[PDB]
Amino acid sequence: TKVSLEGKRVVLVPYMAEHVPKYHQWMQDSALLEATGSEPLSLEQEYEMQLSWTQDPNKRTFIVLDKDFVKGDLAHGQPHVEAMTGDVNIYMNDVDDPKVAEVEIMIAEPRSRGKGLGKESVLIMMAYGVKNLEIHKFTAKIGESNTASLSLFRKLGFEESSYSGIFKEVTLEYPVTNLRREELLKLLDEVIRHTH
C-alpha cells in the first residue's frame, strides 16, 4: 500500500515500523488479544509481523488515526504515532472466491471510542475493497460475548450466517448489492488519498 485514506474523522495510514511499539503496548491487553484474533507476540515477532502483514498480497491493513489528535499534515508519509487509535484490515481468505473478504477492526484507545471511528474505518475499508479488489461479499468473525463488535457489524447491516458453539464465534456476512456498491463507491469518492 502506497496511500493513506482520509475520511471525515479518521485517517487510515499504512502500518509502519514506527507504529510497532505502541501497537505492541495495545496488545498487552489480554481482553484486546482475545477480542481480536490475536496471539501474544514478542516485540521481535511484532516487528517481523509489521513487515509480513504489509507485504501480504491477500491482505490490506491500515493503522487508524483519530483526526482530532493528528499534529501536522498528512502529505509527507509521516506515521503520526501521537494520533494512533487502532487498526483495520481486510483479508481475502476464501479459496472458493477471491472476491470475498473478511474484515477486522480494533479501536484500542479509550479516549477515541464512541466517536464513530470504528464505523467509519470499516466503511472506508469496505469501500476500498469494493473498488480495488472487486469484493462482492464481506464477512466478520466475532466472539459470541463481544457485545461491542456484534453491535457495530449488525448496525452496518451485516447479517448472521453461522455460529460455531465450539469456538463461541458468530460469523456475519455483508452481500454487496447494487445499492450497497453504489453507496460505498460514492463514500470512497469523498475519501482523500495521500501519497504514503
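Quick note: we count residues from 1 along the sequence shown, nothing fancier.
Stretch comparison (152 to 160 versus 36 to 44) by mean CA B-factor in the PDB entry places 36 to 44 on top. Set 181 to 189 against 9 to 17 and average the Cα temperature factors; 181 to 189 ends up higher. You'll see in the entry that, of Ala31, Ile142, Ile135, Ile63, the Cα B factor peaks at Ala31.
In the PDB entry, a CA B factor belonging to the middle third of its chain's modelled residues is recorded for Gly118. Among the modelled residues of its chain, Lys67 has a C-alpha B-factor that falls in the middle third, as given in the PDB entry. Ranked within its chain, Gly129 lands in the lowest third, by CA B factor from the PDB record.
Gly77: CA B factor lies in the middle third for its chain, per the PDB record. In this PDB entry, the Cα temperature factor of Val88 sits in the bottom third of its chain's modelled residues, the lowest group.
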